[PDB]
Structure formats: structure tokens, C-alpha cells
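Chain identifiers are assigned alphabetically (A, B, ...) following the order of the sequence lines, protein sequences preceding nucleic acid strands; residue numbering begins at 1 within each chain. For ligands, and for the atoms within them, numbers begin at 1 and follow the listed sequence.
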Amino acid sequence: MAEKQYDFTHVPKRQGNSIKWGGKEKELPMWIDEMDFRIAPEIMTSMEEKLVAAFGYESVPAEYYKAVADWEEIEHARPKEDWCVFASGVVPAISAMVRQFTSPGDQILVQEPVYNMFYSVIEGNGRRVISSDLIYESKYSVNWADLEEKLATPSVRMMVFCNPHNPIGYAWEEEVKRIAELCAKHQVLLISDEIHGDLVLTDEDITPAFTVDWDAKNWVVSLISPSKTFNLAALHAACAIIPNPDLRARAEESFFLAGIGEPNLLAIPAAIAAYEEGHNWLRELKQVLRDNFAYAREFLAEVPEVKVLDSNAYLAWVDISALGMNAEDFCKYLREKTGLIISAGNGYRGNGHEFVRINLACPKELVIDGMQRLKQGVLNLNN
Amino acid sequence: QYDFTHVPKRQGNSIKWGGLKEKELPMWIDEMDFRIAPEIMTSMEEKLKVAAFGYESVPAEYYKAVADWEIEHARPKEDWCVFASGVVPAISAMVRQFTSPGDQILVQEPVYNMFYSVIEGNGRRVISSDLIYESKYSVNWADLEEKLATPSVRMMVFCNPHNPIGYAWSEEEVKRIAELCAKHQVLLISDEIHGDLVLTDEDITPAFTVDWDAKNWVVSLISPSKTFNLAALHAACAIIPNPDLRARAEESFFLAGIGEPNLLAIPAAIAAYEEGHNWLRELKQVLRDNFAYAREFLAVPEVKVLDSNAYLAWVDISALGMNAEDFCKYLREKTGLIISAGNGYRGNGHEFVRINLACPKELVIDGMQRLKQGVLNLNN
Ligand SMILES: C=CC[S@](=O)C[C@H](N)C(=O)O
């Protein structure tokens, strides 16, 4: 092969409070959205240098927005640094922007099936989910007429738009300006969560919503973070990109009010290192991930009873309807007999009750064992 | 056994130290100029070597560390305990969950200015039963009960030990307040983030210790952040005896996005609560020393360091007849010493300065001379 500068073979050893690896003998979790790779050693170096030995209150330096705008220029479209505001997390920032830009009672449009934490922060904040469901016929599709009639609804004040879309792994262009343009037209804030934007495995690119014509650029917020990209979920560093100057200043005051406007001790130095010294680690990763998807899509093509969707952005969305069993029970039964743990599609709503989600961001050895645990689980049902 | 003489060299984005002029001495904002406990430090660099930082739950050891630590004071039941990334944000979330917009929320002015940000910024209304200032503050118990009895007063933010006065309330006072709140079905939020830093052996009585008339109406908030110089760790704990109250506050932490620990919060905090007793014992001796050196030097008799039993020195400048802000502004100007104006704390704060003493005695030396220097140029 072409020798990889960095280690994509060795599974980090987590402490016992890890959600993914914490709490049975010979069990294999591929459900929760975090990698099983060591982070880039260039980020590790930045973290270690910061650990000054006194960790008092921290401000957000102009060097953070500069690394952010640079990464987005080099890897995708350069935002203005003035557009940027730090927040400690994507979902935290959404939740605060729900509380800031909508009222209790207001509806918030999503596209089911979608990341299950969207429902929690909309419903838990006393707003109401409305969905222009995604049409499934081995691809999903947008019922645009149904999308427009929901946006025009007076009580529909926000669209939370997954770009690219978890869990179907779909990277939306042109579709994104339409969506922006329809939001603007009906005066609906478009919140573009782009947390998976860097992990497009095809060289299709994501279209950040902040790049839309000024006709609609005043109705958009893009959210990025290094977190899913460099395996730093617990770093609590994200970035809202908000061109409308009043919008942005109001987002920022609510981040403060919520307690998610100030960086923790490593959020600044590690994020800057990722955004400025992480291109080469990512490019290599993307080769390991492409290789894992190929291996998995190919092996499942041994299990004809399931149908993987055509992804274009590391999670595999797998159609298990043929087994004629509910994904919650399948995932339960599959676990108890094989020790493989994958995430049932129920929680993602839409047609999720027919699907399962398998996280392939792990060394190939675990992709093999995983896929084959899955084949075992299927074989036992037919016997 | 531990270093309290050399000031950590911060990166450029420190609030306290970032972007200061030459020859400027920051003694205003509440973080220390000491390196942290090596045992804490250790746990941080071990966690880092994991080299992958995905989602972390809160382990029961975190609540056991917290209960064991509370040796220092009172043992909360481990089930009562709920992680949140910080004290003020959990105050912010409990305001939104437990009151309605327009409701009133009672402080005892003068108090820590962040209490007004979270009360007013959430569209709630501040009402104060001012503490009666007579070189010390006292409580008007008649006034406090009338206000708590007002139907639109739904909550009370109680600072215990009370910042900026530096006063750790009596077991008597603490339970009397909890009885009145419960009498009048007002929720009592006990900010106890300074409880580990009472300089006298006069220990804090955490609101969670009050008995079952009123234990159902209390919430205690603690945190290693002030004690161990960890404001950027984002690790804290709410102690909430009432379980239906506890379950609700927990879902409000999760929606605010403060209910989940960062990559360091859990192991550093467990390190602090399990092994930081000796480090802290030695910190407190450094602080009684600098408090001692501070009051004797100022006794500047036109100012009055009033009796603090817990490291921010609340200094009365009423005899110089100068507004705190205009004073602290003029001080920074000619002398370079930066100190917190009392105005932001409301009450009678505009006649007081707050002075941070958690720095090596040499910086305390330099600051006190600077302050005296200032007081003399006003008279020339
Ligand atoms: C604790 C359960 C919710 S979990 O942390 C959300 C995560 N991105 C996932 O992939 O499920």
C-alpha cells in the first residue's frame, strides 16, 4: 500500500465512563457517532502545550475565526471571520437559537428521518416538530411542494436543516439555495447544521448555507465543528457562521445566557490546531473510510435480506424491512446473540422503524467482525 | 509541599491576563494566580493520552467523589446529585424551568453581579431585601419574609458563603432562610461555589443539610472551579433532595446543553474531590497570610477592609468620597493595578472595591503599595 503517516489501526483504550465503550464480554458497539481512531497528533500536541497549569476564564481570539474561515476556504468557500461566533456545541447552539428566535407554540420544520437530537431540543424547548417527510423509493427525495406549504404556514418559524443529512448520509447544491430562498421568502430562519460537512467521502462538496445570494443570506446560520471530523465530541467547540449582523449578535447573547458562549480550557487551542494542521490527517482518514464502506457495502451485497443506501457523506443506513421485524427488537435480539450493538432507526422517526444505523468509523478489523456479527444475527432468524 | 509563589504564564486569550498593558497588575476577576494541584494536573494528562474524545457519561464515582468531598463540611445523598457544566448556567436553566417570565426572584444585595445577568437576561425581575450595612452587613428578617410572601416572588438566589461580602452564614441563618422559603413555597437556590474557601474554621452549612420540612425546596450548587482555579473546566454539581424537582432541573440542563461533560471535566473533578484536600489546606494558609498582610497594611485608614471570613477582600472606600468605578478607573490609570468596582454588585456597592488576594504574596505586596500610592495622589 501507500504508507499512512498516522495510525488508523489501533483502537484507543477509553476510560470506563465512555458512552461507546463503557459497560459485556466480547461486545462490539458501532451505534454511537464517534470514531475508533486516535486523533491527529498535531491536535494532541496543541492540547498538551495548553495544559499553563492554571485554567481560568478564556476569551475567543481572532485566531479562532481565522482558522475557521481558512479551513472552510481550503476544504469547501471562505466565510468572513466577523460572521463567526463561538459556541460550545452544535446541538447546544440550536437549542439556544430555538429559545431566541421562535416562541413557545411555534413549529420547527425538519425532514424525517433525521438526527434524533433534533426532536429533543425542539420538543423539550416547548416547540413543535413538523416534518416534510423524506420520500423513500433506494433513495430518499424531498417533497418540495410539501416543504413549501409547511414553510408558508404562519406558525412555522424555523427550519433545522441537516447538511449533509444524518442518518441517510446525503450531501445536498442548488437544492441548498432553493431551501434558503424558500425560507427567506416565507421569512423562516434556516439553521444549517453542517457537522458532517468535512466527511463527504465522494469529492462532492457540501454547499455551506452562508454562501447563498444576499437575497437570502440574511436568513441563514451555518453550524460547523471539528467534533465529528477529528473525533472530538467532548471537546465542546463549534462555530456559528451568521452573516446577518443583528441575528448573529442575538445568537451570541443567547449562547452566553445559556452558558455555552465561553470556551472550555482546550476548546480554542485544539480547534485551531485541527483547522490549521489537520488537512493531511483528514485526507488519510477519508481513504480508510472509503475502504471500510466498500468492504461493508460489498459484504452485505452474504446478506441479500438487507439493503444499504447509496451514501455520499461514515454511517451506513441499512434497510432491514425484509426481515419483517421492528428495528428496536432486531437491535435487541442482534445484540444478545452476537454482542454487536447497532442503533435502531426508530429514534430518527420518518420510516426509521425499518432501518438500522452502523457506525463504520473504526479500523477495518472491527468493520469485518461487525459485518459478520450482522450476518450471524440474520442467519439465526432464518433458522 | 506545593508551589504558591510563581504565577502561571497564560496563553494570550486569558481574560485576567490577556491584553494588559506593561506594568499592569490584574487583581479584579475571580481566578487565582497559582498553578493547580498536581494530582488534578496528573489526571488531565492521563485522560489526554486516550487520544480519542467521544461522548462521556457521568459515572457514579463522580457523585461519590462529590459526597466524600462534602470531609470538608455534610454528606449529600448520591442520588440527589446532578452534573452541570457550571453554576451560573444551571442557575440560568433553573430560572427558565421553575419561574415564569415576569416573575420576581429575590437576592440579598449587594451580591455577585452574574445573579442579575441570569435573572434579568431571562426576562425575570430582580427584587432585593438589601443587607443592612452597619464595617459589616446584617439581615432585615422582617423585610425578607414580606417579600418572600409576595405571590409573584417564586425563587430565591442565595449566595452561601455570600459573594462579595465574604460571609459564610450561620447554621441558624441558613435554616431560617430555608424555612421561610418553604413556608412561602419559594424555591431556594443556594450558590455554594465558595464554600470550600471559608478561611475561618467557621464551616458552611450547605442548604441541602436542612431537614424535611424544607429540604424539598432547596437546591445546592457547588463546583471545583473557584476552589481549585478551574473556571474553564466547566464542571459543577447541583444537589437537589426533592426528586421531582431534581428530575426537572436535570432535563433543563440537558436542553440548555450544559448537562454533558467535556473531555476533562469528569477526571479532573474526581481528582480534585478525592485528592485535593492537602493542596487546598496549603492554599488556605497562603490566603490567610495575604489577608493578614492586606488588612494590616491597609490599616490606608481612609479605607476599611471589613471582616471577611471567606479571599476577595471587600474594601470600604466610603471615606475617600469617590465612586468605586471612578476610583478603580483612576487606579488602573496611574498605578496599573486593576480591581473590581463595587457598583456591579448593586446594593451599596458603589462605595466598595473587591480585591482578589489569591496570588503570591509578592503580587499582594506590589498591589497594596500601588493602592496606597493611588490614595495619596488624590490628595496632591
Ligand atoms: C446519550 C445518547 C445520545 S448520543 O450522545 C448522540 C450521538 N451523536 C449519537 O450518535 O447517538
Side-chain angles (χ1 to χ4, degrees), chain A residues 14-23 28-37 87-95 110 112-124 160 162-169 193-199 223-238 260 289 311 313-318 327-328 331-332 335 340-350 352 355-362 366 370, chain B residues 52-60 62 82-85 250-251 253-263 265-266:
Chain A
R14 324 294 224 287
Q15 302 194 349
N17 66 311
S18 155
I19 297 275
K20 191 167 204 184
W21 294 95
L28 178 56
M30 322 173 65
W31 58 289
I32 179 149
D33 224 348
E34 59 178 272
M35 296 192 278
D36 280 316
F37 306 119
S88 90
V90 175
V91 161
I94 279 161
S95 165
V110 290
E112 287 168 28
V114 81
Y115 178 42
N116 54 288
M117 293 283 115
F118 291 179
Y119 308 118
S120 319
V121 295
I122 292 165
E123 300 182 335
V160 173
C162 212
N163 177 36
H165 199 96
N166 173 89
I168 73 191
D193 169 355
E194 302 164 1
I195 194 64
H196 283 270
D198 305 328
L199 295 158
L223 301 162
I224 70 193
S225 150
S227 281
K228 303 245 179 75
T229 291
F230 298 97
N231 211 22
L232 293 156
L235 179 60
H236 293 353
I260 67 174
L289 301 188
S311 359
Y314 70 63
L315 309 164
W317 191 235
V318 176
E328 239 168 35
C331 281
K332 199 146 285 329
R335 171 182 193 169
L340 162 70
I341 298 155
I342 61 179
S343 82
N346 304 64
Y348 306 92
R349 299 188 190 183
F355 288 70
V356 305
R357 195 191 74 177
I358 311 155
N359 176 12
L360 307 173
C362 59
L366 280 76
Chain B
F53 311 103
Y55 298 104
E56 284 170 51
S57 55
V58 178
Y62 177 80
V82 183
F83 173 96
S85 63
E250 189 160 357
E251 200 235 356
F253 299 163
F254 279 90
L255 294 166
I258 61 183
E260 208 207 288
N262 52 42
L263 79 162
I266 295 303

What are the atoms of ligand 1, with element, lying closer than 4.0 Å to any heavy atom of [X]?
X         : answer
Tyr55(B)  : 5 (O), 7 (C), 8 (N)
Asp33(A)  : 8 (N), 9 (C), 10 (O)
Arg357(A) : 9 (C), 10 (O)

For atom 3 (C) of ligand 1, the protein heavy atom that lies nearest, with its residue and separation: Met117(A) CE, 4.1 Å

Residue, atom name and distance, where the atom is the protein heavy atom closest to atom 4 (S) of ligand 1: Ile32(A) CD1, 4.0 Å

Ligand 1 contact on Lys20(A) by region, counting heavy-atom pairs under 4.0 Å: neither

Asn231(A) side chain vs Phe37(A) backbone, donor-acceptor pair below 3.5 Å: yes

Donor-acceptor side-chain pairing of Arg349(A) and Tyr119(A) below 3.5 angstrom: no

Beyond-backbone contact of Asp33(A) with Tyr314(A), side-chain heavy atoms, under 4.5 angstrom: yes

Validation row: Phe53(B), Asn262(B) side chains within 4.5 angstrom (heavy atoms): no

Protein heavy atom under 4.0 Å of atom 1 (C) of ligand 1: no

Exercise check, heavy-atom protein proximity under 4.0 Å to atom 6 (C) of ligand 1: yes

By side-chain hydrogen bond (donor to acceptor under 3.5 Å, both in side chains) - contacts of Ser311(A) (at least two apart): none

side-chain hydrogen bond (donor to acceptor under 3.5 Å, both in side chains) partners of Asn346(A), counting only residues at least two apart: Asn326(A)

Closest contact, heavy atoms only, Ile195(A) versus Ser225(A): CD1-CB, 3.5 Å

N/O separation below 3.5 Å, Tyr115(A) to ligand 1: yes

